[PDB]
Amino acid sequence: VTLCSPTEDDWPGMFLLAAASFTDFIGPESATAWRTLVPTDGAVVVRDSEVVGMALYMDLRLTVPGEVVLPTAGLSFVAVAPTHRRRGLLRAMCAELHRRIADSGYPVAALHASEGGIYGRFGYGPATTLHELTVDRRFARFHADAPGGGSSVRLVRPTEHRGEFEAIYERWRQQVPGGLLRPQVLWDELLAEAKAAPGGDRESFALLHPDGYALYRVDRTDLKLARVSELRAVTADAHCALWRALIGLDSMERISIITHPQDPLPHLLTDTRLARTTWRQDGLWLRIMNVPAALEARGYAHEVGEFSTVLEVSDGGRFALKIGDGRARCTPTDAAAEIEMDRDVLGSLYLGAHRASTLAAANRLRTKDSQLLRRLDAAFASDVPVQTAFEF
Amino acid sequence: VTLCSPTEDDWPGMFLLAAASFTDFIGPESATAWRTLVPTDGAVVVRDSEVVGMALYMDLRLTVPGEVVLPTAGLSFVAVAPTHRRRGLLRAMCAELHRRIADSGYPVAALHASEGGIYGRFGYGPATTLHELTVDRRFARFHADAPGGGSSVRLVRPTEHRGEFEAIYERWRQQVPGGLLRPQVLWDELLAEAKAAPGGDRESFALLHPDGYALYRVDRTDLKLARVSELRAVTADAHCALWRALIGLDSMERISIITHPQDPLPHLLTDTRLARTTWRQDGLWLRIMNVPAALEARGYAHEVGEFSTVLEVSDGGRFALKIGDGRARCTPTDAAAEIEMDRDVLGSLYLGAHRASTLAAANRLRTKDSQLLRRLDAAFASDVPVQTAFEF
Amino acid sequence: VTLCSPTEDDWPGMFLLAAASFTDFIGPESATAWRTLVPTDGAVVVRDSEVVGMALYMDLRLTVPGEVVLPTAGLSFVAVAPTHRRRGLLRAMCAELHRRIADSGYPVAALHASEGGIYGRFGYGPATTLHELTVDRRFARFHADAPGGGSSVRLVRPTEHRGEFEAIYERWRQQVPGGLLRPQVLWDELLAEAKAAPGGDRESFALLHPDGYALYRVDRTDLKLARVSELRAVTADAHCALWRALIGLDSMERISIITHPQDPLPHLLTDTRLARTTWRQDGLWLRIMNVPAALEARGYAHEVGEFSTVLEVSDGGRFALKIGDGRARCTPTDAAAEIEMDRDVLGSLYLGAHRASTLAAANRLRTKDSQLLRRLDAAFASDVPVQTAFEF
Amino acid sequence: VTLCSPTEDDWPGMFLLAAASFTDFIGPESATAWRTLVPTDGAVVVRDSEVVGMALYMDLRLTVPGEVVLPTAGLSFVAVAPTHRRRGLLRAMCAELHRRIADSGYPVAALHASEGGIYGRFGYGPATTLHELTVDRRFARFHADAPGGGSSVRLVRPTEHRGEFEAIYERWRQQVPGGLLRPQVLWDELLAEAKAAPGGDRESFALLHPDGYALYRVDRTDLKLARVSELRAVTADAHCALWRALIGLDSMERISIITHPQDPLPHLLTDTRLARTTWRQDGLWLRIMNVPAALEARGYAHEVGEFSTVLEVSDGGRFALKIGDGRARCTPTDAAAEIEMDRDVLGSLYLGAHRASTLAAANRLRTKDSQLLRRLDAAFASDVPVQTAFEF
Amino acid sequence: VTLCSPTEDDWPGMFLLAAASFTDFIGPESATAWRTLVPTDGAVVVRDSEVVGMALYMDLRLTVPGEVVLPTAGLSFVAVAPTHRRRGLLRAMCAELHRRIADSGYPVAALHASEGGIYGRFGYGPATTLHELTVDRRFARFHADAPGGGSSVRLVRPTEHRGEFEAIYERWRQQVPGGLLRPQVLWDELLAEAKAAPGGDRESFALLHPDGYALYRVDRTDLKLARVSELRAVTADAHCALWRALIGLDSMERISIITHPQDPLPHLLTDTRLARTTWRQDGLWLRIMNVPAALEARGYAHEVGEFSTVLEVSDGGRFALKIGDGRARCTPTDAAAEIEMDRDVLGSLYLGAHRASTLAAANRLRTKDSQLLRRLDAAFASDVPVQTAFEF
Ligand SMILES: N=C(N)NCCCC(=O)c1ccc(F)cc1
Ligand SMILES: N=C(N)NCCCC(=O)c1ccc(F)cc1
Ligand SMILES: N=C(N)NCCCC(=O)c1ccc(F)cc1
Ligand SMILES: N=C(N)NCCCC(=O)c1ccc(F)cc1
Ligand SMILES: N=C(N)NCCCC(=O)c1ccc(F)cc1
Ligand SMILES: [Cl-]
Ligand SMILES: [Cl-]
Ligand SMILES: [Cl-]
Ligand SMILES: [Cl-]
Ligand SMILES: [Cl-]
């Protein structure tokens, strides 16, 4: 069992492992496209010679609070053959990729987790939260105060308006923490999933506004449910207008969307309760590779005074942290630590999705100063609510 | 159809309406106990003479941010006979009770809503959020960092340790926004629901720590599910210890609790995802009766500079609002309004459960200043997370 | 295995057989009340000595078309021990009771069937049809044309208004084909089933109009469903008013009732489809004991000319049948038969629930004259639609 | 928003709206075939320019009581974009098509309704009733009296016996109220739905008798259920023989068919209850365009004396109606009305599916004469029971 | 209705009957391959001329206790048209095939039964038992004593390792009672079912050991269930190693397999209960064609002394049976019978799947000697447990 970068001959063996490992495996055509986002030496394989282990990272651009875009290593296609479990192959592959990511100069790594129990021990913390809202649209009445009391929204074929979706998404991802650049190969892939599959998914439709879109399809088996796969809105007007159109799908009983906890949809209706939360789960996970680089890169709340502390990350360094005027300075120190946490915990705070005082309550984050806790809570909070871009 | 305070002879007619109106009706014995919390002239009935309409308020004590306790009118037992719908009887009864509540000097009214669509139009906004967490306890492993790595928790009969529950609850309700004083009649009622009912609920058990308790019972029909009816913990140690004991119910597959969005339980486990959010709903609703009295009574975040604005409440007054040093001064003015909202919206902000920028996004809250929005968000936020005490 | 009238000592043995035979067995207290409607020598038992077989008839009064009331033998409590199946005990018991019923001078016998396959061979035909309608009351809007565009309907406790229900029911049963006299013991029984049972059925409520009532209860397990056990209305106004009140049960999603195919409820709503037919089954079964007596006793449609034919009932006699002016004369003859049918078929036509041309289509009813078929269809039809009174 | 006849360039835009509006949309190939039944100027579209609104009628031939065939405008493909709801586009499109249908000389219009609440207000009433019967065929034994006590029925491939199905259907539709001419394009379409679809419906089989056929297929997901899509039988022998063959599908637990309330199948079995009614819904809806033309065109029951009355249709004319010898004469008058009804109510009576006395009971039909009610009931009744041909 | 061997022209008619008779019909391509295993005059058809009846046998090789391979007539493709039920066509076809099978010199016939009630009366008895085990693999821990405490198992594409599966299966079928030779056409068919079907089954994967394989696929609809279609293991090591790999499918909740009652999997786990038996059914059915030939051909338990008896088979002959040294001698006699049974009962004993004392308890097997019963039980038992090869 040696650990190597895969040659062109290794990829059929990797696709076999993928097929047997991932029930949602996108198949070798789509896999070969996503592959274009993997840099030279971005992938590792373990051979026995068939492929019994693999992992790779993609070059991503992640928006963080203060509309700052970070180079991000996006982990994906991680798999150990069922024949080689509990043999330390994951530990080995994760260690080599983290070495390579660190040496390449990425301040953060990110992934989507298949189980919530695997990734904490490698320094990844859940950084965004997925909310499923299901609206019973038969009772849905808009509030007097809701914007848009002619319709600016058009029902369209997704493939005929690619440029407009690209332009809107590009605006969206640049101003939203959790936003990812979507390169051209992923627009190629997204608009191929929009066509109907014989015995599979139904045709996708689009609702297009100047400042937003929604892609939706009727569910395979429940023909009274519309699944909104993606709603990107750059103004409140766009968001409301798109939801007026979705509530107008009179052949449907229910509209479902995977969104964020701060989605304003419930407040657009006369009955907040009609927008039921049917599902909640961790979205994007972050590993802070370089603590000082990441802490200095993001903006902080202007609505908190200048304050200084010493942060210790468990086997990750000790740092003098000074926050003021929505900037941070983060420098080496051996001064006594005022706040202790494992690396994963820092990942979870980084995008504002979790409160420091909540992680303190579970003792994932030790300090003896209540005042420092409130200051961290306020400073790390994001004015624009954190959202999840797309699964990778 | 006249509107009157009920005499002793009206209560059998009110109990009939209750039985036919509420599927969870507690019956006339329990109803007669809850009645002791209704002041003279706290109830109205509409006669035709049988009772075709009723509503009342109870004298409550509600903890708000800054550990301030407000006298609160608690609306309950509101019902219109199925024979007298769409006749304006609710509008009439709500108007008379609000007159009486206002004249009596209550700064706020509160209720639990049977539908999320009825109460917005009378100035009530949802002020607390209920989270159901279901733990699959077979996979539940505690984190290395979790407190309590002898057990201080005892399995006990609820009725044998009333004083200890009273003392712990009394500590809890005084330091938690959403907390209500539980008077002696409601402890009498709570510990009567703890006994098993032939063909009904199973026996309730208690887990008792010096600084917390949990009351739980096995579900009637699902015999692999324990329902935690109530967990009150005054320290993180108490909270963790009680959850160690609950995960130790080895005859159960699942533990379910109705808690708050900031419950730290997910962070105590090695897998955050095991604590699934299975249900989410509005808890307590607030009507701010006297805007200046309520705004001045609660504490605000110390972690935001002094700032001034003009708040207009739709048909509720215009006010110069100055917030600094976690206090507010709220005085009459005719100066141009910088922030507009309906009364219900103010109720929803009041306990910190909803962000101003989220209600702005739905246009329930109009301002032309982004900076004022961020300041409101930060100032109205609560360091202690808002919880729900008990249904009334 | 001898066949005898039971002595007082046989009834405990009969109650044992009942308990083991009928899952809905009403128990020995209620059974002892229903027993008061069984005449001397109205019951048979087969002993082996334990009771291995039993059957009895009750003295009933059945309304038939033209508001004519017939003495009717009501078969009930029919059971063969599981230890004595396929031994001809049913055939024996049915033969002895039919002999006794015939000799006593009953023109018709009736029963409610436990299986639809047992009773055809003894000359019983299904004579009334049960429709379950379920209304989703959240979408229910009344039509502009619906009567009742003060409410005359009261929500009441059933036991406090017995006289009013008796008076309304008595009016109803006298003018409706399928109507049965409800004696005092069955009002005693009906109003005892109105109280709540610990671990059983919930409390029954009543909606009372001068010319109608509805008894309803919430379902044990589905707490969003109200089951209307009984709705008796003597005017269209009463029927509509009661349904306005039932649609006003705002805590319910669904109202269900067991009614008749000609219930006008669907036509009272702006959407006929909201009143879904969820269940359909045979109600009352008739055995015509004396063909000429029964045919002469009921009224016929005035809206068909005088016509004559010869009816043969298979091993039941041949008769010259003359119908005109809504009366029939039915006399012995040996003239060639124009219409042939088994006895059960006659039972099925007798109350107007089934069309002759439909039974002809299945060849349960042979004739070589299409014109005679249309005449029978029209003459046997009932202007007041046939309903089912109560199960016995 | 202008209203126009569509050009060849509008149809791709109409197909987009169809796809997003109808979950059962037959697709553009099949749509282009059905299009051949739309006359010049039979379609309207609303442009904004994309298609935001459409409606059309097809040239149909509808059999009415007395085996009379009427030219019928068949409304279909009616849709308003989700972006243009509650804008009066339906009201506008329905008004223009009704103008065109009226001016073209159609006595009646018809449709199949997507919701039971949309079409009453435009003068359409439900005119036929759909019964689903499900037979548990494992218990199904035929009655001694059932016809067919060699088999004349053949199991065949539908596409190899098109001429025989055409000939049988043509005989069926000419003698059955509700019957529609099926033109050649719809036989092309029907026999293309008979082939198996990969991941879709299973292969269709045919049971062929000289005087009837049944097309059936096994359900996609329930492999113990056979769905009879269509059973056309011109004699009782044919009907029974086909059902003997269907009960002979020994690999099936259940046979289901959508039929009419007067289907004689229950009476062919020793247990009527085995043929459970599992579903009931409105079939064809009628709008009487020209009251006198329609009333004069159909035959009436010969089994009722000559009688005269004055019929008022709400904003539809007042008419002297004389019925005798199964013909009607319907002429203008200003004499006092004896019977009042909205137009939709007339549609519902027209094919005999609903009784006048039932609509009177709901006050959809006002008269002060009970005798006139019984006469209408009897005269409007159909000797051949009303059935539904095919959905359009 | 004549009975004939089918010509080449009859097969399209037979495929039609198959399609309408069998929901799992493999289609005409696969049917034409299986056809290569049918000898000249191995098939019968009944014509009316369409095919209304068919049956055939295939040339099989069945392993019986003592690793003896018997020529076996494998009945399959047996069908009577739904139009020709209860006409004695099955009785006729079964009689002609049994004549042909007997005259050809087959000692035994075998089939898989569609219903458990059809085949007893033609002398077939259930001879093997199917156990479904479902493992919840999340709790599955292997016992300290389990073999395999490098992995020898490989995850592979089935079609790339045909020779290895053939070699392993060939070893398996030769040493296991119930084993069938799998000819090349059935390997062609098996490895075509291994590819994914659009809207159908998912891709099949293989786990390959030197001395065993497992073919498995994820279920269509339950994406947390892996279905093991086939596990062939020639050593305990191979069996355990393959199950270590299957429990290693970490994306799955459950692994299901159809196996035999003596599968040792439950004993490999620390918790025997994790391997739940979810389904149990008769597998292969045997008809002993020639009693003496079959009884003499198989080996018997060496662990029972020499003993002699007289066996009578109902209308099948009387025989002197002597068993010793694991051989039997079976010769004609007219001596009084000590043991009586119908032919089907002999089929059920023949492979050791059922105990004589169990069939005696149900009186399917009469003797007056308890000692003879114990001797039969012990002698007929198989040291290698009886398994089922593949459905035909
Ligand atoms: N999780 C999802 N539904 N889609 C993400 C697809 C990621 C993926 O398969 C992949 C495949 C090959 C690569 F080189 C990189 C990534
Ligand atoms: N909602 C719950 N489960 N319990 C609250 C019970 C409130 C109640 O019924 C009541 C009854 C009588 C009164 F006077 C005041 C209140
Ligand atoms: N079928 C129902 N739900 N009730 C009918 C009760 C009839 C009955 O048990 C009975 C019992 C004793 C008698 F003597 C006569 C009748
Ligand atoms: N409702 C169904 N299942 N089939 C009816 C199809 C009707 C239809 O789509 C259509 C399409 C185009 C036209 F020009 C006319 C009609
Ligand atoms: N029962 C299964 N799933 N497969 C067995 C297929 C047997 C079969 O169809 C067949 C078809 C044609 C023949 F000539 C012989 C056999
Ligand atoms: Cl999102
Ligand atoms: Cl809470
Ligand atoms: Cl009824
Ligand atoms: Cl039909
Ligand atoms: Cl097996």
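Chains as they are written, first to last, in UniProt numbering: chain A, 3 to 50, 56 to 156, 160 to 402; chain B, 3 to 50, 56 to 156, 160 to 402; chain C, 3 to 50, 56 to 156, 160 to 402; chain D, 3 to 50, 56 to 156, 160 to 402; chain E, 3 to 50, 56 to 156, 160 to 402. Beta carbons are placed, not taken as given, at the ideal position from N, Cα and C, and that holds for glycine.
Chain A contact for residue i (CB, 8 Å cutoff)
| i | result |
| --- | --- |
| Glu313/B | yes |
| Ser367/B | yes |
Proximal residues to residue i (C-beta, below 6 Å), its chain only, five neighbours per side dropped
| i | result |
| --- | --- |
| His119/C | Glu401 |
| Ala389/C | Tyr310, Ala311, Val314, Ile333 |
| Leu321/C | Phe329, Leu331, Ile349 |
Three-state secondary structure assigned by DSSP to residue i
| i | result |
| --- | --- |
| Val301/C | helix |
| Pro276/C | helix |
| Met262/A | coil |
| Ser358/C | helix |
| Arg94/B | coil |
| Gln291/B | strand |
Cβ of residue i within 8 Å of any chain E Cβ
| i | result |
| --- | --- |
| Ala303/A | no |
| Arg167/D | yes |
Cβ of residue i within 8 Å of any chain F Cβ
| i | result |
| --- | --- |
| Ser214/C | Of the protein chains in this structure, namely A, B, C, D and E, none is chain F. |
Contact set for residue i: own chain, Cβ-Cβ below 7 Å, skip 5 residues either direction
| i | result |
| --- | --- |
| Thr319/C | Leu331, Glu348, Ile349, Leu382 |
| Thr34/E | none |
| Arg172/D | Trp197, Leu201 |
Any chain D beta carbon closer than 8 Å to residue i
| i | result |
| --- | --- |
| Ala147/A | no |
Closer than 8 Å to chain B by CB, residue i
| i | result |
| --- | --- |
| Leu278/A | yes |
Residues of its chain near residue i, where Cβ-Cβ distance is below 8 Å and the 5 sequence neighbours each way are ignored
| i | result |
| --- | --- |
| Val75/A | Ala307, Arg308, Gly309 |
Give the residues from the region 183 to 208 of chain A that approach chain E closer than 9 Å (Cβ to any Cβ), ordered along the chain.
Per Cβ criterion, the list reads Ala207, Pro208.
Which residues count as close to ligand 6 when the rule is a CB under 6 Å from any of its heavy atoms, in chain order?
That query returns the following residues: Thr269/A, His270/A, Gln397/A, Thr398/A.
Anything in the region 96 to 120 of chain D with a Cβ closer than 8 Å to a Cβ of chain E? List those residues in chain order, please.
Sequence-ordered contacts of the region 96 to 120 of chain D with chain E are nonexistent [C-beta pairs closer than 8 Å].
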